[PDB]
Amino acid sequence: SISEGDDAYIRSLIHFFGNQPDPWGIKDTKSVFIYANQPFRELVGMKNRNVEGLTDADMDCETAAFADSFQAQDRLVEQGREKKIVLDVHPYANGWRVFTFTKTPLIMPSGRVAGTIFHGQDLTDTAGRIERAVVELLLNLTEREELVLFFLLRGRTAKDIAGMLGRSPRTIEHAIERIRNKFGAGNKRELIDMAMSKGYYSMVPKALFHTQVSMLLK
């Protein structure tokens, strides 16, 4: 039959997923799990409990609170050939982590949309590793100062930042002055140079830390 091949292909793909350190898995058109390797089941609280066939509202991890929105993603992949990447920042079973979950349509020798495949990648450590690699390819900021500097390093001017944060330009100018002085820079251009050379382009404003998200990248 053809179902013979559609079950040989699926056991192929569990053998495939079972030998990667990344969280790998596939679920159905009901967003119900068909398989997930030991990495994925270990990122959720499912260390040794092998639970499968359930929804994203799994056992033993905070991920379940966004299970709903997971499945929503799981259907907008299914109505398309193209893949979609999800930034999942979550208090996983061993602390807060910044993952990328790439979700792709599941096609098989059927040719039918059977569900989705998801590939989770741990961005926390590799962000720093690739950052040191890429740049060798070539002070206590407050929260608002971190925001102002994030947008300064990204081509915005003081009036643009005033708009983005809903304060007056004088307020943002005062913030820039205090950032500049904390860097020891003599003017805005020296501030840009100092911040770019000290790794601050890769800084994430700490007000963003430890808040649970899952967002499709666009």
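Start at 1 and count along the sequence shown; that's the residue number.
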query	finding
Unresolved deposited residues lying between neighbours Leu138 and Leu139	10 or more
Residue range whose averaged C-alpha B-factor is higher in the record, 87-95 or 108-116	108-116
Mean temperature factor over C-alpha atoms, higher-scoring stretch between 55-63 and 152-160	55-63
Residue with highest C-alpha B-factor in the PDB entry, from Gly184, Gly45, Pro169, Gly166	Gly45
Assigned third (lowest, middle, highest) for the C-alpha B factor of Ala36	middle
Third of the chain's Cα B-factor distribution that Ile14 belongs to, per the entry	middle
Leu123 - which third its CA temperature factor falls in, relative to the rest of the chain	lowest
Cα B factor band for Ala72 (lowest, middle or highest third within the chain)	middle
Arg132 by Cα B-factor - lowest, middle or highest third of the modelled chain	middle
